[PDB]
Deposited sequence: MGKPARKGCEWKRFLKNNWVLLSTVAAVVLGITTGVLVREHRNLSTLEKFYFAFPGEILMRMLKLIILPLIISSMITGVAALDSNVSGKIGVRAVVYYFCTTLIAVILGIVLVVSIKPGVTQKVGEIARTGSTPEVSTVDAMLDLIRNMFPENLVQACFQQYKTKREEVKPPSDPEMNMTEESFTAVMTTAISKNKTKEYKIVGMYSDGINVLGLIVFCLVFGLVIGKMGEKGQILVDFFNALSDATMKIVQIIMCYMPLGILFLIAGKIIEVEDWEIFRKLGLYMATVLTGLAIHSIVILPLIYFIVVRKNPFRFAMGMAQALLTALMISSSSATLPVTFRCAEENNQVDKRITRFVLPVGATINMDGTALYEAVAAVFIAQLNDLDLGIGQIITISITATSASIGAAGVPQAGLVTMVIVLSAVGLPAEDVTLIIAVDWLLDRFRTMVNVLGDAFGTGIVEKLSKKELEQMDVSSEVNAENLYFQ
């Protein structure tokens, strides 16, 4: 049993092997030959091809996947027992993103030891672009300049700068998906077309992630060829500390507080019954294959009605990801702080909207998480190549992210139980 193991375990092993081979070839190149500025650009060329292929695919991905995500979510949601679960999912994902932003701008890993009305108005001017083909490559930006023919007079001009407009595409695909989902039968050809387009785009994302380790080997080798002071590793350690304390105070202080103020019962006697599901979600690292274990730990080990467990858990296994959203907020602001750049408050809200609204179009392919980390890095215009310093860390944080996703939608079945106590008697009587 040798080729079977490397058949089943090739993502984690190729990522770890690429990290260690890249670090050892960077050390063996640096302490044996000094490279100039030109040949440090030809050495990090497979990484350039990988960071081009990752940006090539995000446009049909965030069109087709967002359209089918919101159409299938509209199809699944039925009564007023399917509204409360969606509201719960999106409130806790927003709370997780806000906690991650507060923690990453308070701890500050990565820093070494004009009005704010125009940003908040360009945030709304970019949700409704003036052209829909041009939204696939250029954004808006307004600038307050001074007109002169005792007080100053001002005038606002606008210019279309380069870079994709993820907020306008997210908003238009949300509205278009709701419209073609509620059209019924006359817009079933559109749902079929965008569903097959989403499948064919997830397969190309899997092809790119088959190429990926040969790219991040050269990117890691080219990112320790300029190192001198042993100091970027402390920035990585502080980023791990920020993500782990964000998950540790999101799954202890916030979610049991939500359970206590809604249900008015003890959250820890609830969460002690989910121990098999949480240890399983740590061991197998996916929150959709630990679904039967959390089925038999909520209907049996607690006392939850199956009529709500048959809805909340299969929906929340795909669209309720608190830990991934907190991770993407913390990682985007950490990449911004690593490049000697201070974000505004239009950029923080763009990160905070693109991190929770990219949970809707979540199929079930765990590779595309990396593509989501490019999308929130490309909604605000940050250089994507520094995401290499996240991927080398990403195999040590996936376990706890899966644990917090499972804990969020396992608390959801307790939340939606108390709110919908009339409708369960209505489905019991008739």
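Annotation: deposited residues 1-9, 123-135, 172-195, 477-487 are not represented by C-alpha coordinates in the model.
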